[PDB]
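Structure, as structure tokens:
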Amino acid sequence: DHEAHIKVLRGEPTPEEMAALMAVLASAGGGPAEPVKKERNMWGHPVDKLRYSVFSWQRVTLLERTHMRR
Amino acid sequence: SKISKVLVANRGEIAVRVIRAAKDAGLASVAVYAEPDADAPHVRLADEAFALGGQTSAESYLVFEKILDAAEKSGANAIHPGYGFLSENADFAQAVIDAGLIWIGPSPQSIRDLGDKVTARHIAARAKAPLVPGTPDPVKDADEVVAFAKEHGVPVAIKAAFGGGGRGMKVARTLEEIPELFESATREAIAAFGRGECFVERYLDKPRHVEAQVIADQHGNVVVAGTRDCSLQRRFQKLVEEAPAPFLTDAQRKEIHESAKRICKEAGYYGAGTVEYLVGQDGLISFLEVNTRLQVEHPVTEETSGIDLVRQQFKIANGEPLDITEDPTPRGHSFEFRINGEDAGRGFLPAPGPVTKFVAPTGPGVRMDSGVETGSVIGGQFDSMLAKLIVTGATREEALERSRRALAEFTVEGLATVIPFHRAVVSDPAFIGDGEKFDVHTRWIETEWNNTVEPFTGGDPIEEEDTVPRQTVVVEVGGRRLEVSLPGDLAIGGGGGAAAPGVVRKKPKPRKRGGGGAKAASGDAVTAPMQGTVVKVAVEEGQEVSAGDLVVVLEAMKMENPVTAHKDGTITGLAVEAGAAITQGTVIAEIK
Amino acid sequence: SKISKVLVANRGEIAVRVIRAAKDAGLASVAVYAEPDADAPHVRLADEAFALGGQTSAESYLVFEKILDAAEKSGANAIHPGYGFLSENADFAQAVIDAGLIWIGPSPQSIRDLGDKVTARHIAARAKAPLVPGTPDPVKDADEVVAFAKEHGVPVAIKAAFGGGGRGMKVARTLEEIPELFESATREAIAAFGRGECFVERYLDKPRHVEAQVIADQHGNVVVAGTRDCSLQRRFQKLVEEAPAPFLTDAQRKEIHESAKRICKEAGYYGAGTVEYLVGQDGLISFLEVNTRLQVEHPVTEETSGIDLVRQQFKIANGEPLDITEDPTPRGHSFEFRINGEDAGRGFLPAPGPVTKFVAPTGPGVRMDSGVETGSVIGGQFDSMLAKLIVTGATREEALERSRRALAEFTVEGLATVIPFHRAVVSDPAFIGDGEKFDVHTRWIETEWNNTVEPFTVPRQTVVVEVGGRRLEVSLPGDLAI
Ligand SMILES: Nc1ncnc2c1ncn2[C@@H]1O[C@H](COP(=O)(O)OP(=O)(O)OP(=O)(O)O)[C@@H](O)[C@H]1O
Ligand SMILES: Nc1ncnc2c1ncn2[C@@H]1O[C@H](COP(=O)(O)OP(=O)(O)OP(=O)(O)O)[C@@H](O)[C@H]1O
Ligand SMILES: *C(=O)CCCC[C@@H]1SC[C@@H]2NC(=O)N[C@@H]21
Ligand SMILES: [Mg+2]
Ligand SMILES: [Mg+2]
Numbered sequence: 025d026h027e028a029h030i031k032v033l034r035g036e037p038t039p040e041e042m043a044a045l046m047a048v049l050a051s052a053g054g055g056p057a058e059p060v061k062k063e064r065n066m067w068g069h070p071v072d073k074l075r076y077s078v079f080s081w082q083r084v085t086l087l088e089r090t091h092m093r094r
Numbered sequence: 007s008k009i010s011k012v013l014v015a016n017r018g019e020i021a022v023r024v025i026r027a028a029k030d031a032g033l034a035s036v037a038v039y040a041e042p043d044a045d046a047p048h049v050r051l052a053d054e055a056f057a058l059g060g061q062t063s064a065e066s067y068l069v070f071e072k073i074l075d076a077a078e079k080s081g082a083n084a085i086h087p088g089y090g091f092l093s094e095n096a097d098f099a100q101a102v103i104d105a106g107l108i109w110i111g112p113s114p115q116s117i118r119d120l121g122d123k124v125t126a127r128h129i130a131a132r133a134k135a136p137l138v139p140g141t142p143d144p145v146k147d148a149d150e151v152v153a154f155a156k157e158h159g160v161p162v163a164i165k166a167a168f169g170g171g172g173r174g175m176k177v178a179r180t181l182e183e184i185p186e187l188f189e190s191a192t193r194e195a196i197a198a199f200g201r202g203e204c205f206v207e208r209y210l211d212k213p214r215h216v217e218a219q220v221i222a223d224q225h226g227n228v229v230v231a232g233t234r235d236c237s238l239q240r241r242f243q244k245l246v247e248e249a250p251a252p253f254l255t256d257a258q259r260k261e262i263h264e265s266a267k268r269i270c271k272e273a274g275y276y277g278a279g280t281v282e283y284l285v286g287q288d289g290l291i292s293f294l295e296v297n298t299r300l301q302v303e304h305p306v307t308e309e310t311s312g313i314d315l316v317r318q319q320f321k322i323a324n325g326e327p328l329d330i331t332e333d334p335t336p337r338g339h340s341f342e343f344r345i346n347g348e349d350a351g352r353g354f355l356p357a358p359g360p361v362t363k364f365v366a367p368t369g370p371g372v373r374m375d376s377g378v379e380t381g382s383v384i385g386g387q388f389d390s391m392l393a394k395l396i397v398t399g400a401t402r403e404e405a406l407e408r409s410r411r412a413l414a415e416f417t418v419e420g421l422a423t424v425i426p427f428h429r430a431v432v433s434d435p436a437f438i439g440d441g442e443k444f445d446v447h448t449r450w451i452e453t454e455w456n457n458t459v460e461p462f463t464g465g466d467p468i469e470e471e472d473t474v475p476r477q478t479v480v481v482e483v484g485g486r487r488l489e490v491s492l493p494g495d496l497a498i499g500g501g502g503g504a505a506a507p508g509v510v511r512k513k514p515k516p517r518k519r520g521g522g523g524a525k526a527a528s529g530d531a532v533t534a535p536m537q538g539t540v541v542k543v544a545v546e547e548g549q550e551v552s553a554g555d556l557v558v559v560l561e562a563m564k565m566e567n568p569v570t571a572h573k574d575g576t577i578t579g580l581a582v583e584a585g586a587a588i589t590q591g592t593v594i595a596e597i598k
Numbered sequence: 007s008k009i010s011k012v013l014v015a016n017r018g019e020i021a022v023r024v025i026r027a028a029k030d031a032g033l034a035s036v037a038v039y040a041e042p043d044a045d046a047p048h049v050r051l052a053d054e055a056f057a058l059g060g061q062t063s064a065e066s067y068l069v070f071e072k073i074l075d076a077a078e079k080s081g082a083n084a085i086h087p088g089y090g091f092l093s094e095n096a097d098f099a100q101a102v103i104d105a106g107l108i109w110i111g112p113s114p115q116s117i118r119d120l121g122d123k124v125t126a127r128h129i130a131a132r133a134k135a136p137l138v139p140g141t142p143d144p145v146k147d148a149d150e151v152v153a154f155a156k157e158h159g160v161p162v163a164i165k166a167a168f169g170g171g172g173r174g175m176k177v178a179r180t181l182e183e184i185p186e187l188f189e190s191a192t193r194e195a196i197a198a199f200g201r202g203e204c205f206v207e208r209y210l211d212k213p214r215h216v217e218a219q220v221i222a223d224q225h226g227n228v229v230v231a232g233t234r235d236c237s238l239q240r241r242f243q244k245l246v247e248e249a250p251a252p253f254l255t256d257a258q259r260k261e262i263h264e265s266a267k268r269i270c271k272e273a274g275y276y277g278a279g280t281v282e283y284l285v286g287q288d289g290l291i292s293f294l295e296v297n298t299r300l301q302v303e304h305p306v307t308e309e310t311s312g313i314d315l316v317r318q319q320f321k322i323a324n325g326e327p328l329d330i331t332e333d334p335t336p337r338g339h340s341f342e343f344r345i346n347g348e349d350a351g352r353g354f355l356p357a358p359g360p361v362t363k364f365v366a367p368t369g370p371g372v373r374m375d376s377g378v379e380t381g382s383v384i385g386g387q388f389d390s391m392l393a394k395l396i397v398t399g400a401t402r403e404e405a406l407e408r409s410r411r412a413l414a415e416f417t418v419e420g421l422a423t424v425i426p427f428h429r430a431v432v433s434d435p436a437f438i439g440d441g442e443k444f445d446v447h448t449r450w451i452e453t454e455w456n457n458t459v460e461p462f463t474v475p476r477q478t479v480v481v482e483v484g485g486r487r488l489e490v491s492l493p494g495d496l497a498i
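Protein sequence lines correspond, in order, to chains E, A and B.
Counting in the deposited numbering, the first sequence runs from 25 upward without gaps.
Counting in the deposited numbering, the second sequence runs from 7 upward without gaps.
Sequence positions in the third sequence follow the deposited numbering and run 7 to 463, 474 to 498.
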């Protein structure tokens, strides 16, 4: 076991109060849910809108890397 | 003449204590400090402060020339030495007197005579003090030690005539040990103290340590202000002390109160002092020592007897007779707990570190004498003691109850302390006792106490789950105040964030070289394992050495650590000399 | 029967003091706090803590239902009220007893009897205590007040029979003022305390306030733990106090010691309490009051007599007989200095503010009882007292010397405090005294003292859950990110 658990550092709640606390915290916990994936869509990416000199090193380190990085 | 400005030739808690006594007396006060102490409370609390310079005791508080120069420049007219350093240096006492300053202490002759153990034995025998069966003079040879031990039985303690700090003794359980022990004793007494003289006495198996506070004036009056019991000792150094001494018959108690006065009168002693005794399991008292200084433990006597002992020192050094004509009657009971910067989870070894938090207990029956505060730093150069907690009550039971409270309130953070030990022992049946005796003794902490203190780790993340960020919030449920620690990744209900892309958790590696499965690499460098002072160099360049051979002794926190050759070879680059300050990882030498 | 868990129905310094006593006694302790105190030291020091809610004493610590609800929810079996608030409310004491809790205090009837200064005067007379000349019954009109002031001479005090806090007393210096003062006092007593009953007595010109600490047994034993002097006062409220009371003759230490026993024993009193007296410049003692609670000043008596008075309260409420069999001998001398947030440079006017630094003195002879620490915020909702510095020595002179030290060390920053006043008075010849008398008196601060002090220079979310049969409000920080 190496999950980081909730800790009650001070106080000793009765089981009813532990249940109220955990129910409220679990209702507050929200948003991401399961780890869905944002699908890759490079259409109209900002790096493609920039002017690069024909010999710009940013063609390698910015443009190409942005397209290739996965 | 009369004291008007006191220079406090010390540091830390005792310097604060004496500065406070001087303000109460209306005297001006001068602090002196080494460079590590440039921000210490006493430096800020005194009416003046003078920088001795230097980083270590040998080049600051031990230098006569510097302390007398600080007194001259400040125009101080008295010196109070505190305890340690020069407080028992008879030649410093003489130099202070020769400078025309008021020495707040016993005469140089009294210091010299009571500091010599065998002269002290003669003084106590002349005073008809209770002595443990033992040799009246230094023993000459292991054969004489064997003859003594054959007469008196076993075990026998062989002791250096000038030793201190618990290193002054060895004990022989079986006769055959005597020659090796005597060799070790004469060797190490020459090495540490410059004197080879050894004497032998009966070793007491489970003794209590009991001591009488004396106040003696220059007019020959003596008052015994009370007794302490100081049996909770570690490495023969005291950790918990209490007053009055509990569980003594009135016959024992009066014999202590009388022999202490006879001993002081025979010694010609004046000033504050203390007569130390041992009490055997048989109940026999035996004279042990006279300490020619104010004791560290003095405040439990102050709290029980109602006397300000530092101001009594000022009065005596003014040459006034004692206004106290009779031994005070103790009221209540008091404990002192030394707050040493020592980790009880590693055999009470001291370590330097930052005092990132210091919250003293307060309220009924609590007194705090501290030399540190939040933001202080403990370097490796001086004794580990941060502070003293004194807890007083109407009875030993009420003082224990208050001690359990106060020690639960006491918070120190950023370095290890013995507070977890004090929390244990004030709740341990061996020290609570049965109401007529108790089981603690001068070796109980090492050999009897159930040490369950977990080693100090501070805030370091050690396990995988420790690496996760956390938030602490206060929730009220039905009115109950709860403090709730929430992981920064809690996947409860719809919660998430268990991993941003590519985030991995694993057990962090300790900030130490290599794996713990080996001591060191095959490299040739001997490197210092800690900050400290090179106290001894045991080798010379071109010396051939073998693994385990001593290379240097490093003193840190006033404890010696031997640094030893990790391989065989030739010492090829000895880079340090005795007295050199040294940092962790410094190359001392290469072995080739 | 016996105390097992104590709820401390108070705040600040006294809440800390009682929590500490409970910890010493091995009892469990329950704190309660109003929202301004949600991080006060006592809330963290107690074994349990309950929010009362509310922003003021009347919304919180004074609400019987909130205190008894916290006791019910925490499972406390005793209540200790401290001082102030409900500590002398006989109806609350009764409500506690009816709730079946151990009330750590005197009986509701003893409270109600001694809280009426008229019935108190009767009990004192029947106990044959010294009494100042005065009417045995409330005065009906200014003409009765004038007749009294003619027959016994001016000045005369017109005093409310109910309430106090220093506002309950007005002084008529000459007969022409009496009608206005009488009517004004009547209307003000109606407004402030709901009852207009007032009485008249001789006003002492420069008295010393002296008081006896009593511990009294449910079995009718009584002990005087010591005399105390509280004559340094402003607005008739105490600022510096000391024990034992200095410069009394033995015939005045006796008489006080015996009157206090007689008064309490005839009132049927039990618990801790104080019989307050005035001592005139003629040296005549007069009974003044009984306070039916632990005194604010009590630490100076604990230091001089060696008794833990809160633990004595616990024993008496357990109904154990007193283990102290005789009046203790005072050992040394002790002072207490109240560290109020009042600016002595502006007529001791209270000012709220942040306690941006708080460094109590330490070392020999110093005790600090504190309700605040660094980072506390002081608002106007409660009394100004931050802490009490208690200083003790073998003699009065030594305790003064130690006080000059400790008060020079005492550092407080971010609001005004009376510390500069304490620093003056401990050096002031009027208080040091000539060695057989001193010149301070209960008006010596507002007059006669040289006031050379310079002037000072998101809501929580709530969710109402239900769990089985209980409503449970869960209160969260308003920005909980979770
Ligand atoms: N004969 C003995 N038998 C048992 N223990 C002993 C004996 N002599 C000394 N000890 C132990 O040694 C401790 C301290 O010894 P001692 O007082 O002689 O040295 P010290 O404190 O280092 O002296 P100094 O004042 O010279 O620095 C005693 O508390 C006791 O624990
Ligand atoms: N007859 C009197 N002559 C002079 N001063 C008096 C007299 N009666 C009361 N005082 C002054 O009133 C204050 C104490 O009065 P009292 O005991 O009625 O106070 P209170 O407002 O009821 O407060 P508490 O009950 O909290 O002590 C002190 O300043 C005392 O000097
Ligand atoms: C050293 O840093 C200063 C003095 C503190 C150590 C001394 S040694 C002798 C006394 N006994 C003790 O335990 N501490 C004192
Ligand atoms: Mg010793
Ligand atoms: Mg009053």
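Beta carbons: idealized from backbone N, C-alpha and C, even for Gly.
* Are the Cβ atoms of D223 of chain B and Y276 of chain B separated by less than 8 Å? -> For the purposes of this step, residue 223 of chain B is taken as residue 217 along the third sequence, with counting starting at 1. For the purposes of this step, residue 276 of chain B is taken as residue 270 along the third sequence, with counting starting at 1. Yes, Cβ-Cβ distance for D223 of chain B and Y276 of chain B is below 8 Å.
* Asked: Applying a beta-carbon distance threshold of less than 8 Å, which residues of chain E neighbour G500 of chain A?
  -> The residue you call residue 500 of chain A lines up with position 494 of the second sequence. Neighbours of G500 of chain A on chain E, chain order: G53, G54, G55, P56, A57.
* **Chain-ordered list of residues that sit, by beta carbon, closer than 7 Å to a heavy atom of ligand 4** => A:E282, A:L294, A:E295, A:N297
* Asked: Which residues, in chain order, does the stretch 492 to 522 of chain A contribute to contact with chain E at a C-beta distance below 9 Å?
  -> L492, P493, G494, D495, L496, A497, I498, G499, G500, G501, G502, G503, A504, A505, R511, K513
* Sorted by chain position, which residues of the same chain lie with C-beta nearer than 6 Å to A40 of chain B's C-beta, five sequence neighbours on each side aside? -> Here residue 40 of chain B refers to the residue found at position 34 when the third sequence is read from its first residue. Closer than 6 Å at the Cβ level, and outside the excluded window around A40 of chain B, lie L58, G60, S66.
* Asked: If you scan the stretch 452 to 495 of chain A from start to end, which runs of the beta strand (DSSP E) of 3 or more residues do you find wholly inside it?
  -> 476 to 483, 486 to 493
* Does the Cβ-Cβ distance between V306 of chain B and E248 of chain B come in under 8 Å? -> The count along the third sequence starts at 1 and reaches residue 306 of chain B at position 300. The count along the third sequence starts at 1 and reaches residue 248 of chain B at position 242. Yes. Within cutoff.
* To do: Along the alpha helix (DSSP H) that carries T310 of chain A, what are the first and last residues, could you check?
  => For the purposes of this step, residue 310 of chain A is identified with residue 304 of the second sequence, where counting begins at 1. From DSSP, the alpha helix (DSSP H) with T310 of chain A extends over 304 to 311.
* To do: Enumerate in chain order the residues of its own chain whose CB-to-CB distance from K267 of chain B is below 6 Å, with the five nearest sequence positions on each side excluded.
  => By 1-based counting over the third sequence, the position of residue 267 of chain B is 261. Taken in chain order, the residues that qualify are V228.
* Can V12 of chain B and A37 of chain B be called in contact, C-beta distance under 8 Å? -> For this step, residue 12 of chain B is matched to residue 6 along the third sequence. For this step, residue 37 of chain B is matched to residue 31 along the third sequence. Against a cut-off of 8 Å, the Cβ pair of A37 of chain B and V12 of chain B comes out as no contact.
* Hey, would you say the C-beta of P213 of chain A is under 7 Å away from at least one heavy atom of ligand 1? -> As a first step, residue 213 of chain A is located in the second sequence; it is residue number 207 there, counting from the start. For ligand 1, at least one heavy atom lies less than 7 Å from the Cβ of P213 of chain A.
* Unbroken alpha helix (DSSP H) runs of length 4 or more, entirely within the stretch 416 to 447 of chain A: which are they? -> 425 to 431, 435 to 438
* Can you tell me the Cβ-Cβ gap for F242 of chain B and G172 of chain B, rounded? I've got them flagged as a contact below 8 Å. => Position 236 of the third sequence, counted from the first residue, corresponds to residue 242 of chain B. Position 166 of the third sequence, counted from the first residue, corresponds to residue 172 of chain B. Contact holds; Cβ gap of about 3 Å.
* Would you say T463 of chain A faces chain E, with C-beta separation under 8 Å as the test? -> In the second sequence, residue 463 of chain A corresponds to position 457, counting from 1. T463 of chain A does not count as touching chain E.
* To do: Report all residues from its chain with a CB closer than 7 Å to the CB of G371 of chain A; omit the five preceding and five following residues, and keep chain order.
  => Here residue 371 of chain A is taken as the residue at index 365 of the second sequence, counted from 1. The residues are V397, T398, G399, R408.
* If we ignore side chains and look at the alpha-carbon of each, how far apart do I196 of chain B and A167 of chain B end up? -> Within the third sequence, numbered from 1, the residue matching residue 196 of chain B stands at position 190. Within the third sequence, numbered from 1, the residue matching residue 167 of chain B stands at position 161. So the alpha carbons of these two residues sit roughly 11 Å apart.
* Asked: Nearest CA to the CA of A105 of chain A: which residue from A:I594, A:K72, A:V281?
  -> The count along the second sequence starts at 1 and reaches residue 105 of chain A at position 99. The shortest Cα separation from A105 of chain A among A:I594, A:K72, A:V281 belongs to A:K72.
* Asked: Out of curiosity, what's the CA-to-CA distance linking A323 of chain B and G312 of chain B?
  -> Walking along the third sequence from the start, residue 323 of chain B turns up at place 317. Walking along the third sequence from the start, residue 312 of chain B turns up at place 306. If you take the alpha carbons of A323 of chain B and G312 of chain B, they lie about 20 Å apart.
* To do: Would you kindly work out how many angstroms separate the C-alpha atoms of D75 of chain B and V378 of chain B, rounded to a whole number?
  => Against the third sequence, residue 75 of chain B aligns to sequence position 69. Against the third sequence, residue 378 of chain B aligns to sequence position 372. Answer to the nearest angstrom: the Cα atoms are 26 Å apart.
* To do: May I ask you to report which of helix, strand or coil DSSP gives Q224 of chain B?
  => Translated into the one-based positions of the third sequence, residue 224 of chain B becomes position 218. Coil, per DSSP.
* To do: Run the CB neighbour count on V69 of chain A, radius 10 Å, all protein chains shown included, and call it buried at 16 or more, exposed below.
  => Taking the second sequence and counting its residues from 1, one reaches residue 69 of chain A at position 63. Its Cβ being crowded by 16 or more others within 10 Å, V69 of chain A is buried.
* Does ligand 1 have even one heavy atom less than 7 Å from the beta-carbon of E207 of chain A? -> Translated into positions along the second sequence, residue 207 of chain A becomes position 201. Checking the Cβ of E207 of chain A against ligand 1 gives yes.
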